[PDB]
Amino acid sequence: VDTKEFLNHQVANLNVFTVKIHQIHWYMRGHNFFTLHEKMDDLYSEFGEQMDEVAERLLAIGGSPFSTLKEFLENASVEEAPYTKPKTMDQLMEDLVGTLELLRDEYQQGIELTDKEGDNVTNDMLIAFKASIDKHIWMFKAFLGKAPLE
């Protein structure tokens, strides 16, 4: 609706994603365990940092960030499912990639939204984030033997 709605929505998103990353991190099995386990820790730090920056930018424009698991669940478009059946490393990475994709497309919407509201600072912050998400999408798709936009 506006920048404050978008930013807050991403605070909810990033808190679900962050827990998803830990899910993959904890439950992964297979020959790529050691590298993807560590890779997940890197994603966790990186997206935890995005989330703090998003909330603090929300604060800076007069907004009020969601700040409970209850609120995050209610508001996030990012999905979570409990870990039940064993999943393949590729299936865990597909779920990671699908979420990276949703964030890319939503941030793209937020990039357009903020550009037309004239919120230059939030615009540029969202672009910086998308750049990194776009790079991760390429790399994780390459892990999956696929092209970035394939």
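Numbers for residues come from their place in the sequence shown, where the first is 1.
Colleague: Which of the two stretches, 80-88 or 96-104, shows the higher mean Cα temperature factor in the record?
Modeller: Between 96-104 and 80-88, it is 80-88 that shows the higher mean C-alpha B-factor.
Colleague: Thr35's Cα B-factor: lowest, middle or highest third of the chain?
Modeller: Highest third - that is where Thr35 ends up once the chain's C-alpha B-factors are sorted.
Colleague: Of the three thirds of its chain by CA temperature factor, lowest, middle or highest, which one includes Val54?
Modeller: Tercile = middle for this residue's CA B-factor.
Colleague: Relative to the other modelled residues of the same chain, rank the CA B-factor of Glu117 and answer lowest, middle or highest third.
Modeller: Highest third of the chain for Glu117's C-alpha B-factor.
Colleague: Going by the entry, which third of its chain does the Cα temperature factor of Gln109 land in?
Modeller: CA B-factor rank for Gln109: highest third.
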